[PDB]
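So this block is upload.txt, compact mmCIF, C-alpha atoms:
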# COMPACT_ATOMS: atom_id res chain seq x y z
CA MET U 1 -36.13 19.92 -2.48
CA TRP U 2 -36.73 16.30 -3.49
CA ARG U 3 -32.92 16.05 -3.61
CA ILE U 4 -33.26 17.38 -7.16
CA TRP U 5 -34.51 13.96 -8.34
CA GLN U 6 -30.84 12.92 -8.07
CA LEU U 7 -30.57 14.12 -11.67
CA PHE U 8 -27.83 16.76 -11.64
CA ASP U 9 -26.87 17.88 -8.13
CA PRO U 10 -25.75 15.05 -5.78
CA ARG U 11 -22.87 13.83 -7.95
CA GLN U 12 -21.84 17.37 -8.87
CA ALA U 13 -21.97 18.30 -5.19
CA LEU U 14 -19.60 15.51 -4.17
CA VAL U 15 -17.35 16.36 -7.10
CA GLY U 16 -17.32 19.98 -5.98
CA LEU U 17 -16.34 19.37 -2.37
CA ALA U 18 -13.91 16.58 -3.14
CA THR U 19 -12.36 18.48 -6.05
CA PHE U 20 -12.35 21.75 -4.09
CA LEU U 21 -10.35 20.36 -1.17
CA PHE U 22 -8.17 18.12 -3.34
CA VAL U 23 -7.25 20.97 -5.69
CA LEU U 24 -6.74 23.54 -2.93
CA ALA U 25 -4.38 21.44 -0.80
CA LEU U 26 -2.80 20.19 -4.02
CA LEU U 27 -1.87 23.68 -5.21
CA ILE U 28 -0.58 24.55 -1.74
CA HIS U 29 1.72 21.56 -1.23
CA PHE U 30 2.57 21.58 -4.94
CA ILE U 31 3.58 25.25 -4.99
CA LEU U 32 5.51 25.15 -1.71
CA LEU U 33 7.05 21.77 -2.48
CA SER U 34 7.82 22.83 -6.06
CA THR U 35 9.30 26.22 -5.17
CA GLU U 36 11.11 24.75 -2.16
CA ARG U 37 12.68 21.78 -3.95
CA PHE U 38 13.21 23.86 -7.09
CA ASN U 39 15.07 26.80 -5.55
CA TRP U 40 16.79 24.18 -3.39
CA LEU U 41 18.47 22.14 -6.07
CA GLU U 42 18.42 25.43 -7.95
CA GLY U 43 21.05 27.07 -5.78
CA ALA U 44 20.88 30.69 -4.65
CA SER U 45 22.56 31.53 -1.33
CA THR U 46 22.04 28.02 0.05
CA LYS U 47 23.39 25.25 -2.17
CA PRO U 48 26.32 27.03 -3.91
CA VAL U 49 28.18 28.11 -0.78
CA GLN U 50 31.66 29.59 -1.25
CA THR U 51 33.25 26.55 -2.92
CA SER U 52 32.60 22.81 -2.62

Output the structure of this file as structure tokens.
Amino acid sequence: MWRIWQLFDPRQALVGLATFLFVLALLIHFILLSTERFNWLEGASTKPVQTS
């Protein structure tokens, strides 16, 4: 449809895809990385073993 006279659609579209993927993968790696590294240095049946 006349590419919406490139007024308000093209840019928003690219920002949607780009932001969608970026945010998604970001939250995934961020949550796993955060929880992993956190609970890691955190210590709970892994770091604080017996006595060291």

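Taking CA of residue 38 (chain U) as the reference point, CA of residue 21 (chain U) is found at 24.5 Å.
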
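As for CA of residue 14 (chain U) and CA of residue 34 (chain U), they are spaced 28.4 Å apart.
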
Adding 3 Å on each side of the box along x, y and z that holds all listed atoms of region 37-40 of chain U, could you give its centre and edge lengths in Å to one decimal, as lines of an AutoDock Vina configuration file?
center_x = 14.7
center_y = 24.3
center_z = -5.2
size_x = 10.1
size_y = 11.0
size_z = 9.7

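The spacing separating CA of residue 43 (chain U) from CA of residue 27 (chain U) amounts to 23.2 Å.
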
Would you mind exporting region 20-42 of chain U with N, CA, C and O atoms, as a CSV table (one decimal), in the first residue's frame?
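Below is the file part_10.csv, written as the result:
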chain,number,residue,atom,x,y,z
U,20,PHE,N,12.8,-6.4,18.7
U,20,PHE,CA,12.1,-7.7,19.1
U,20,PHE,C,13.2,-8.8,19.3
U,20,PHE,O,13.2,-9.4,20.4
U,21,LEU,N,14.0,-9.0,18.3
U,21,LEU,CA,15.1,-10.1,18.4
U,21,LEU,C,16.1,-9.7,19.5
U,21,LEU,O,16.4,-10.5,20.3
U,22,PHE,N,16.6,-8.5,19.4
U,22,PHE,CA,17.6,-8.0,20.3
U,22,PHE,C,17.1,-8.1,21.8
U,22,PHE,O,17.9,-8.6,22.6
U,23,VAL,N,15.9,-7.7,22.1
U,23,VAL,CA,15.4,-7.8,23.4
U,23,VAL,C,15.2,-9.2,23.9
U,23,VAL,O,15.6,-9.6,24.9
U,24,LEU,N,14.6,-10.0,23.0
U,24,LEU,CA,14.3,-11.4,23.3
U,24,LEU,C,15.6,-12.1,23.7
U,24,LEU,O,15.7,-12.6,24.8
U,25,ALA,N,16.5,-12.2,22.8
U,25,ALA,CA,17.8,-12.9,23.0
U,25,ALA,C,18.5,-12.3,24.2
U,25,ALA,O,19.2,-13.0,24.9
U,26,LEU,N,18.3,-11.0,24.4
U,26,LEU,CA,19.0,-10.2,25.5
U,26,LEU,C,18.5,-10.8,26.8
U,26,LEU,O,19.3,-11.1,27.7
U,27,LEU,N,17.1,-10.8,26.9
U,27,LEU,CA,16.5,-11.3,28.2
U,27,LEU,C,16.9,-12.8,28.5
U,27,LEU,O,17.1,-13.1,29.6
U,28,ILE,N,17.0,-13.6,27.4
U,28,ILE,CA,17.4,-15.0,27.6
U,28,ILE,C,18.8,-15.1,28.1
U,28,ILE,O,19.0,-15.6,29.2
U,29,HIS,N,19.8,-14.6,27.4
U,29,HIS,CA,21.2,-14.7,27.8
U,29,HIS,C,21.4,-14.0,29.1
U,29,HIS,O,22.1,-14.4,30.0
U,30,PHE,N,20.7,-12.8,29.3
U,30,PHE,CA,20.8,-12.0,30.5
U,30,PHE,C,20.3,-12.8,31.7
U,30,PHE,O,20.9,-12.7,32.8
U,31,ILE,N,19.1,-13.4,31.6
U,31,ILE,CA,18.5,-14.1,32.7
U,31,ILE,C,19.4,-15.4,33.0
U,31,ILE,O,19.7,-15.6,34.2
U,32,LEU,N,19.7,-16.1,32.0
U,32,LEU,CA,20.5,-17.4,32.3
U,32,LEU,C,21.9,-17.0,32.8
U,32,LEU,O,22.4,-17.6,33.8
U,33,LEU,N,22.5,-16.1,32.1
U,33,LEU,CA,23.9,-15.6,32.5
U,33,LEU,C,23.8,-15.0,33.9
U,33,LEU,O,24.7,-15.3,34.7
U,34,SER,N,22.8,-14.2,34.1
U,34,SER,CA,22.7,-13.5,35.4
U,34,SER,C,22.4,-14.5,36.6
U,34,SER,O,23.2,-14.6,37.5
U,35,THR,N,21.4,-15.4,36.4
U,35,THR,CA,21.1,-16.4,37.4
U,35,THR,C,22.2,-17.4,37.6
U,35,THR,O,22.5,-17.8,38.7
U,36,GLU,N,22.9,-17.8,36.5
U,36,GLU,CA,24.0,-18.7,36.5
U,36,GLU,C,25.2,-18.1,37.2
U,36,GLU,O,25.6,-18.7,38.2
U,37,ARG,N,25.7,-17.0,36.8
U,37,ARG,CA,26.8,-16.4,37.4
U,37,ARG,C,26.5,-15.9,38.9
U,37,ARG,O,27.3,-16.0,39.8
U,38,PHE,N,25.2,-15.5,39.1
U,38,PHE,CA,24.8,-15.0,40.4
U,38,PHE,C,24.8,-16.2,41.4
U,38,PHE,O,25.6,-16.1,42.3
U,39,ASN,N,24.0,-17.2,41.2
U,39,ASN,CA,23.9,-18.3,42.1
U,39,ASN,C,25.3,-19.0,42.2
U,39,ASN,O,25.6,-19.8,43.1
U,40,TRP,N,26.1,-18.8,41.2
U,40,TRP,CA,27.5,-19.4,41.1
U,40,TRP,C,28.3,-18.8,42.2
U,40,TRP,O,28.6,-19.4,43.2
U,41,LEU,N,28.7,-17.5,42.0
U,41,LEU,CA,29.5,-16.8,43.0
U,41,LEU,C,28.6,-16.7,44.3
U,41,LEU,O,29.2,-16.4,45.4
U,42,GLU,N,27.3,-16.9,44.2
U,42,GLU,CA,26.4,-16.9,45.3
U,42,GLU,C,26.8,-18.0,46.3
U,42,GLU,O,27.0,-17.7,47.5
